[PDB]
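> Take this structure, written in structure tokens, and hold onto it; I'll ask about it next.
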Amino acid sequence: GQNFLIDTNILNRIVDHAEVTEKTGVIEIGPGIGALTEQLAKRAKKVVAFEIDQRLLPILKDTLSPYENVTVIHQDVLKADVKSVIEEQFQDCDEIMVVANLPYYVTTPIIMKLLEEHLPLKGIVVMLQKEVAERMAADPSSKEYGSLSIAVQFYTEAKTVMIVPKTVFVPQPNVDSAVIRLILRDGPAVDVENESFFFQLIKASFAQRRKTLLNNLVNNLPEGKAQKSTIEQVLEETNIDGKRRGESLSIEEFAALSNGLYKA
Amino acid sequence: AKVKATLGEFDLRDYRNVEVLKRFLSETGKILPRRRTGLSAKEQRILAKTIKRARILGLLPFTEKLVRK
Amino acid sequence: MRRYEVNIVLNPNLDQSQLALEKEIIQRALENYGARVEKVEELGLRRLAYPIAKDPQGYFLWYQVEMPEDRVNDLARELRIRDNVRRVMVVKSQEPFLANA
Amino acid sequence: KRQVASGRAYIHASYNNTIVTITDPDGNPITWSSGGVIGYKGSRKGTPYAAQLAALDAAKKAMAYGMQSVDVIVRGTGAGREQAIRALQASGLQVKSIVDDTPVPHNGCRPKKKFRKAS
Amino acid sequence: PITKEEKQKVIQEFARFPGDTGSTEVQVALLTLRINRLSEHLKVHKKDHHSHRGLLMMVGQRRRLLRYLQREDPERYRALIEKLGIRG
RNA sequence: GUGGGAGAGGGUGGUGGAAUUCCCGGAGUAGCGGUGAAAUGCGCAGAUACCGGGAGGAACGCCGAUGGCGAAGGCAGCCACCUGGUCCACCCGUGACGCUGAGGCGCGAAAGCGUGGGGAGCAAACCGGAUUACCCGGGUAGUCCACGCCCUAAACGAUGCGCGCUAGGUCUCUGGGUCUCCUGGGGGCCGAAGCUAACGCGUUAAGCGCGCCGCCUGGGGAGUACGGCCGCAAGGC
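Protein sequence lines correspond, in order, to chains U, R, F, K and O. Its first residue numbered 27, the first sequence is counted upward by one per residue in the deposited numbering. Its first residue numbered 20, the second sequence is counted upward by one per residue in the deposited numbering. Its first residue numbered 1, the third sequence is counted upward by one per residue in the deposited numbering. Its first residue numbered 11, the fourth sequence is counted upward by one per residue in the deposited numbering. Its first residue numbered 2, the fifth sequence is counted upward by one per residue in the deposited numbering.
Right, dumping it as structure tokens:
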């Protein structure tokens, strides 16, 4: 058992932040002990629970007698397809939400891959660390800025809904927990030639952050390893980008840079 | 019994007095500490310098192998 | 014009001819670099605790010289060019500091 | 096969494992033995008993080549050096000398994370 | 190094009277010689930071001695500075 | 000034061996490696043990010290050159030429950075594995060099510098003398008087005095905001 939140107050506040109403639908990831599930199911039209824990599921399953919307599906969210779930279990409520209070070493890759899964859902609200929360919801020219902020910029505009004290968690974490909201955008924030190529670019830029954009792109890029001799024209193709870094630049800057990269 | 005890009269800056120099090295080609040699630090320091110099000349072993289990 | 000692260790696997020519050439270099030898000690063959240049044996030669200080490096680099010599170590002449007098 | 009649037995006594190799004076390795070839896996590979068995196995499989006398040098600081040497000498080959030649760096390369913090 | 020969020669040259080894002029001359040698050394050896501190202290000492000399007697000061070509 | 002494103080060239990793061979059979226990991983394209030859980079095992040097940061193979600081002795020269120091100038561990080299080993990030539901296998920048930036620390003795006076005992490093001992300088441990809220300090004062400098005025807000200065930037004052 990980650090489990025991406060009804902050749980009520978070489930309010989730806007769990009659129309609103809920996806449960790692139902666990079943406090979040308790506060969600009563106000949700249909709750679908995904978990791979052996015994953390069927014990909770006993308590799910008063709830009629608890369609618990025993599987790993990463391994198992979720596309079918939209058709099968959201016939009751087309609106989609994902809520999680899990440990973060499992939570963050789950969120990343879910966004990679390309399932069109309205939004997601998850529980994460303060540092990673800053990392996701970041502005240009910040120490808390990086590739993760760039990645989440395509999908959503984020803000920590309500900072959480460490006390509420049973064992106490040393670092403060901060719950963020991720509400999916209409589409891509800024257009690009290739999505994968864009991601490769952003990885290359922020690989050795401290170095200049030029020094990053010289050594980081694999195709850059190919065209090391050719990086002259790469310098040429730069527009209004002088002696610069990654963190300095913004989403539109990197998008234009990628669009230029395809033309090289 | 200190190594100094089982010796007579000699010079330390003489980096060619090889026969006396083998005495100050252990069963392994290591320089014995002051506890075993029985010299003052100044003497120990100058002797270590001379020993290293002779090692460079190849008159003395940098390391050896010990006949024991 | 300080007093230095010069050490040359060279190939033992040489007869009188190569030995003599090496001696004369190194003496030529010595007198070339503004040096002035006083005394020469010849040590012949000595066993080495470790093999140098794939050879467990070595031939030894000893000089003490008073010569210009600025040119000792030049002499050391000169004597080391030949493949017949293994180690050349020039050290300053040190006073016999005795023990337990 | 060779019948050198006089070789040398190398004992590589690491922490995790002990290796025994018998070879001619020319360094040509005739054969070898370890804790692994006996069948021991994992932790018990470097146990003193494994060292004993490895020494005996190497000696036995070396007797086929007609080896009678060896001159042993031991390498590594593993737990089963003494056990290996005693087993080898009590196997049937008259050891001339017993020596260590454990390789020690002269403050060379930077070691692993765990092996650091040297006094 | 500054051998005995040239050191003694400078001492003899700048001595006020025979048997003077410690007067202001002699001190200034010796400091100037040391300063010159160290200056050329640091010119050749740019990244020898430890010696530069010594150079600074020597320059300071010479400056203080010259200040005292000028205070007590300006004519000797002018004569010494023209003899040694200090401050230009 | 003269006559000596010790020292990983600094800069520049040269080269000594032991490892580690690769390459080229000879022999070698089924594992090697790893852990609390394991897995990943390598190995039948013959691994690991081992013998020989070669390449390359980095760091100097015993000596080694509770040691030494430096104004700090720091400085360990060896050889040579160019240099900085310092101690003792002779009392030989000068006649107060001294102390401190707002700004200025310079130095400044480690980590960063620009422009070029180098890359053995270790190793941020990262790719893997696994269990206690940190640890092992790989690996990038970086750690290495030249030039130019950055100017930060538990940059600590948490103790600014200089000088004088105030019991001693003991262990060390380095000198001098007439050498069981006297006399200087440096580094530790007990402890008179004294001081301190106490812990403790105590001839290397946190004692008794003098001179100069730098800072403090309840805790947060906050080393934050604004403004200014310095940097390519991160950032610094």
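Note that the Cβ used here is the ideal one computed from N, Cα and C, for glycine as well.
1. Distance, Cα to Cα, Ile87 of chain O vs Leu67 of chain O?
2. Using a C-beta cutoff of 8 Å, does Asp110 of chain K count as contacting chain R?
3. Which term fits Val41 of chain U, buried or exposed, when burial requires 16 or more other beta carbons within 10 angstroms of its beta carbon?
4. Got a sec, what are the start and stop residues for the beta strand (DSSP E) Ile40 of chain K sits in?
5. In the DSSP assignment, find the alpha helix (DSSP H) that holds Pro121 of chain K and state where it starts and stops.
6. Quick check: the Cα distance between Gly56 of chain U and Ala23 of chain K, rounded to an integer number of angstroms?
7. Would you mind telling me which residues of chain R sit closer than 7 Å to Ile29 of chain K, beta carbon to beta carbon, in chain order?
8. When DSSP labels each residue in this structure, what does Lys169 of chain U get in the three-state scheme?
9. Taking 8 Å as the threshold (C-beta atoms), are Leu82 of chain U and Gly58 of chain U in contact?
10. What do you get for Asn95 of chain U, buried or exposed, if any count of 16 or more other CB atoms within 10 angstroms of its CB means buried?
11. For the beta strand (DSSP E) holding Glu41 of chain F, just list the boundary residues, first then last.
12. Determine the DSSP secondary structure at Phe60 of chain F, reduced to helix, strand or coil.
13. With distances taken Cα to Cα, identify the nearest neighbour of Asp267 of chain U among U:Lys139, U:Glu279 and U:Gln65.
14. Quick one: list the residues of chain K neighbouring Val86 of chain R, beta-carbon separation under 8 Å, in chain order.
15. What residues in the stretch 84-98 of chain K bring their beta carbon closer than 9 Å to a beta carbon of chain R?
16. Can you grab the Cα-Cα spacing for the pair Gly172 of chain U / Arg235 of chain U, in whole Å?
17. For a minimum of 4 consecutive residues, which ranges assigned as the alpha helix (DSSP H) are wholly contained in the stretch 48-89 of chain K?
18. By Cβ distance, which residues of its chain are closer than 7 Å to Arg46 of chain F, with the 5 residues on each side in sequence left out?
19. Starting from the beta carbon of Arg32 of chain R, find every residue of chain F whose beta carbon is closer than 8 Å, and list them in chain order.
20. At the level of alpha carbons, what is the spacing between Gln62 of chain K and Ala68 of chain K?
21. For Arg35 of chain R, count the other beta carbons within 10 Å of its own beta carbon; 16 or more makes it buried, fewer makes it exposed. Which is it?
22. Can you name the residues of chain F whose CB is closer than 8 Å to the CB of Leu78 of chain R?
23. Going by DSSP, what residue range makes up the beta strand (DSSP E) through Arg18 of chain K?
24. Check whether the Cβ atoms of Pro135 of chain U and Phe180 of chain U lie closer than 8 Å to each other.
25. Can you list, in chain order, the residues of the stretch 40-53 of chain R whose Cβ is nearer than 8 Å to any Cβ on chain F?
26. Work out the CA separation of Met188 of chain U and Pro121 of chain K for me, nearest whole Å.
27. Mapping the DSSP letters down to three states, classify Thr28 of chain K as helix, strand or coil.
28. Looking at the structure shown, is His144 of chain U part of a helix, part of a strand, or coil, going by DSSP?
29. Check whether the stretch 41-55 of chain K and the stretch 92-99 of chain F touch, using three or more Cβ-Cβ pairs below 8 Å as the test.
30. Going by DSSP, name the residue or residues bridged to residue 104 of chain F.
31. Have a look at O:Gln13, O:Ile36, O:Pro19 and O:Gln28 and flag the residue whose alpha-carbon is nearest the alpha-carbon of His53 of chain O.
32. On a CA-only basis, which of U:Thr264, U:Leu243, U:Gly272 and U:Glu219 is nearest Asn285 of chain U? Give me that one, please.
33. Leaving out five residues before and five after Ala29 of chain F in sequence, what residues of the same chain have Cβ atoms less than 8 Å from its Cβ?
34. Run through chain R and tell me which residues come within less than 9 Å of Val6 of chain F, C-beta to C-beta.
35. Assuming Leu81 of chain O and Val29 of chain O form a contact by the criterion Cβ under 8 Å, report the distance between their Cβ atoms to the nearest whole angstrom.
36. Does the pairing of the stretch 67-82 of chain U with the stretch 93-110 of chain U give three or more beta-carbon distances under 8 Å?
Concretely, from the data shown:
1. Position 86 of the fifth sequence, counted from the start, is the residue given in the question as residue 87 of chain O. Position 66 of the fifth sequence, counted from the start, is the residue given in the question as residue 67 of chain O. Straight-line Cα distance between these residues: approximately 10 Å.
2. Position 100 of the fourth sequence, counted from the start, is the residue given in the question as residue 110 of chain K. With 8 Å as the cut-off, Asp110 of chain K counts as an interface residue toward chain R.
3. Numbered from its first residue, the first sequence carries residue 41 of chain U at position 15. Label assigned to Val41 of chain U: buried.
4. To locate residue 40 of chain K, count along the fourth sequence from 1; it is residue 30. It spans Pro39 to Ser44 - the beta strand (DSSP E) in which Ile40 of chain K sits, taken as one unbroken run.
5. By 1-based counting over the fourth sequence, the position of residue 121 of chain K is 111. Careful: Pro121 of chain K lies outside any alpha helix (DSSP H) and carries neither H nor E.
6. Position 30 of the first sequence, counted from the start, is the residue given in the question as residue 56 of chain U. Position 13 of the fourth sequence, counted from the start, is the residue given in the question as residue 23 of chain K. Their backbone Cα atoms lie some 49 Å apart in a straight line.
7. Indexing the fourth sequence from 1 puts residue 29 of chain K at position 19. Near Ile29 of chain K there are no residues of chain R at all, since even the closest Cβ is about 17 Å away, more than 7 Å.
8. On the first sequence, position 143 is the one that residue 169 of chain U refers to. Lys169 of chain U: coil per DSSP, three-state reduction.
9. As a first step, residue 58 of chain U is located in the first sequence; it is residue number 32 there, counting from the start. As a first step, residue 82 of chain U is located in the first sequence; it is residue number 56 there, counting from the start. Yes, the Cβ-Cβ distance between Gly58 of chain U and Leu82 of chain U is below 8 Å.
10. Residue 95 of chain U sits at position 69 when you count from the first residue of the first sequence. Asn95 of chain U should be labelled buried.
11. Along the third sequence, one-based indexing puts residue 41 of chain F at 41. Note, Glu41 of chain F: beta strand (DSSP E), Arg36 to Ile52.
12. The count along the third sequence starts at 1 and reaches residue 60 of chain F at position 60. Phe60 of chain F sits in a strand when the DSSP states are folded into three classes.
13. By one-based count along the first sequence, residue 267 of chain U stands at place 241. Nearest option by C-alpha distance: U:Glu279.
14. Position 67 of the second sequence, counted from the first residue, corresponds to residue 86 of chain R. Here the neighbours are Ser107, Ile108 and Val109.
15. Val84, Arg91, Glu92, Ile95 and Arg96
16. Here the question's residue 172 of chain U lines up with position 146 in the first sequence. Here the question's residue 235 of chain U lines up with position 209 in the first sequence. Those two C-alpha atoms are separated by around 9 Å.
17. 58-73
18. On the third sequence, residue 46 of chain F is found 46 positions in, with the first residue counted as 1. Counting only residues of its own chain and dropping the five nearest sequence neighbours on each side, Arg46 of chain F has a CB closer than 7 Å to the CB of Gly58 and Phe60.
19. Residue 32 of chain R sits at position 13 when you count from the first residue of the second sequence. The contact set of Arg32 of chain R on chain F, defined by CB atoms closer than 8 Å, consists of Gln94, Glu95, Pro96 and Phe97 in chain order.
20. Here residue 62 of chain K refers to the residue found at position 52 of the fourth sequence. Here residue 68 of chain K refers to the residue found at position 58 of the fourth sequence. About 10 Å.
21. Reading the second sequence from its first residue, position 16 is the one you call residue 35 of chain R. With 16 or more Cβ atoms within 10 Å of its Cβ, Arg35 of chain R is classed as buried.
22. Counting from 1 along the second sequence, the entry for residue 78 of chain R is found at position 59. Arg46, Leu48 and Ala49, listed in chain order.
23. Position 8 of the fourth sequence, counted from the first residue, corresponds to residue 18 of chain K. Residues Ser16 to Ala23.
24. Position 109 of the first sequence, counting from 1, holds the residue named residue 135 of chain U. Position 154 of the first sequence, counting from 1, holds the residue named residue 180 of chain U. Not closer than 8 Å, so no.
25. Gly48
26. Taking the first residue of the fourth sequence as 1, we reach residue 121 of chain K at position 111. Taking the first residue of the first sequence as 1, we reach residue 188 of chain U at position 162. Between the alpha carbons of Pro121 of chain K and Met188 of chain U lies a gap of roughly 47 Å.
27. As a first step, residue 28 of chain K is located in the fourth sequence; it is residue number 18 there, counting from the start. DSSP places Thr28 of chain K in strand when its eight states are reduced to three.
28. Translated into the one-based positions of the first sequence, residue 144 of chain U becomes position 118. Three-state DSSP puts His144 of chain U in coil, outside helix and strand.
29. no
30. Any question about residue 104 of chain F goes unanswered here, given that chain F covers just 1 to 101.
31. Residue 53 of chain O sits at position 52 when you count from the first residue of the fifth sequence. Closest option to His53 of chain O, Cα to Cα, is O:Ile36.
32. Taking the first residue of the first sequence as position 1, residue 285 of chain U is located at position 259. The residue among U:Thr264, U:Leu243, U:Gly272 and U:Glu219 with its C-alpha nearest the C-alpha of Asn285 of chain U is U:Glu219.
33. Translated into the one-based positions of the third sequence, residue 29 of chain F becomes position 29. Once the five neighbours on either side are set aside, the close Cβ partners of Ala29 of chain F are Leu75, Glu78 and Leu79.
34. Working through the third sequence from its first residue, we reach residue 6 of chain F at position 6. By Cβ distance, chain R contributes nothing, its closest Cβ being about 12 Å from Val6 of chain F, past 9 Å.
35. On the fifth sequence, position 80 is the one that residue 81 of chain O refers to. On the fifth sequence, position 28 is the one that residue 29 of chain O refers to. With 8 Å as the limit, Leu81 of chain O and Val29 of chain O qualify as a contact, their Cβ atoms being about 6 Å apart.
36. Segments in contact, yes.
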